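I have placed the structure first, in the form of structure tokens, so that the comments after it can refer back to it.
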Amino acid sequence: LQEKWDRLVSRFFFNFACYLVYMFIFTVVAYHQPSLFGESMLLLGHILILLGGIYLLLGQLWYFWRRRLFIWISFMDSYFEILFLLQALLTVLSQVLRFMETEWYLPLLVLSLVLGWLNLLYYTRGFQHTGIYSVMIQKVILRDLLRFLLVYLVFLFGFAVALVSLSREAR
Amino acid sequence: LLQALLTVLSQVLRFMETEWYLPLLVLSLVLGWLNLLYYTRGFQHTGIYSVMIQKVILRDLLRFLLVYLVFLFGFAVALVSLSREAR
Ligand SMILES: CCCCCCCCCC(=O)OC[C@H](COP(=O)([O-])OCCN)OC(=O)CCCCCCCCC
């Protein structure tokens, strides 16, 4: 597997560079959105976003068709692909809401940008130090964070209702 | 070396009477005060202390800074693009 990785690391970093360029183009267009030569350039950028989103969606759908049982077998090894699916369809969906000229095309684009920048952590498995780092971020800390969030949300809701009900009476 | 040439360079910018001689002097002062930690190797307790400040914590801090800068830039662009529309 070390020999196979040493032979395929050039394609790994090529995919990394393509994804980084796609997110740079997606960031530039989202930064220059109009109020809801420059217009033609923005339309070309939106076309490039739609093409990249369709490409990512088709690739992820092919992966899910080939590896349908892998999600049920191991969620902690097939979750980035899920994320690589999700924002991808969001990348499509917002553009659909751009075609209909509605209000909610911009929040979907913003969530697509955020989830795309969180999806850049996949390629950190290409290096050994960041690869060991990325193991802890979803394996051990996650269950503790979910139980802590559950207890904190219970306490927060109870105390919030308490201070709401107690502060209504004036002096 | 670095602040030392800065210590020269700012004075050169003092000879030419330009604007940027003061920021270079300030960075020279800051880097000079951070260079005082070398002589802490002259004592055993501070000498053991100075090992951890560049050996183990440094790589973790660089990878943390990389991930934090990625997240910070992405979220900053998100809140910039989302807050332009008024109520
Ligand atoms: C006009 C039609 C052209 C079709 C061919 C385009 C060239 C192929 C692009 C490509 O290499 O896609 C791979 C890249 C990473 O996905 P992943 O397999 O690592 O998935 C891993 C998931 N875990 O995925 C992406 O980066 C998607 C970006 C789409 C635009 C590419 C722009 C290239 C600029 C040079």
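Numbers in chain A track Swiss-Prot; the residues on display, in order, are 382-417, 429-563.
According to its header, the structure was obtained by electron microscopy, 3.0 Å.
Keep in mind that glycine also has a Cβ here, set from the backbone N, Cα and C atoms.
Some features that Swiss-Prot has for this protein:
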TOPO_DOM  A:455-460  topological domain 'Cytoplasmic'
TOPO_DOM  A:482-495  topological domain 'Extracellular'
TOPO_DOM  A:517-537  topological domain 'Cytoplasmic'
TRANSMEM  A:393-413  transmembrane segment
TRANSMEM  A:434-454  transmembrane segment
TRANSMEM  A:461-481  transmembrane segment
TRANSMEM  A:496-516  transmembrane segment
TRANSMEM  A:538-558  transmembrane segment
Recorded stretches the transmembrane segment (A:434-454) and the transmembrane segment (A:393-413) touching, at least 3 CB pairs under 8 Å: yes
Distant-in-sequence neighbours of the topological domain 'Cytoplasmic' (A:455-460), which means Cβ under 8 A and at least six residues beyond its ends: 470, 473, 477
Non-local residues, at least 6 beyond the ends, that sit with Cβ under 8 Å of the topological domain 'Cytoplasmic' (A:517-537): 390, 393-394, 397, 468, 471
Outside the topological domain 'Extracellular' (A:482-495), six or more residues from its ends: residues with CB under 8 Å to it: 407, 417, 438, 441-442, 444-446, 448-449, 501, 503-504, 507-508
Secondary structure content of the topological domain 'Cytoplasmic' (A:517-537), with strand meaning DSSP E or B: 16 helix, 0 strand, 5 coil
Secondary structure composition of the topological domain 'Cytoplasmic' (A:455-460) [DSSP: H/G/I, E/B, coil]: 5 helix, 0 strand, 1 coil
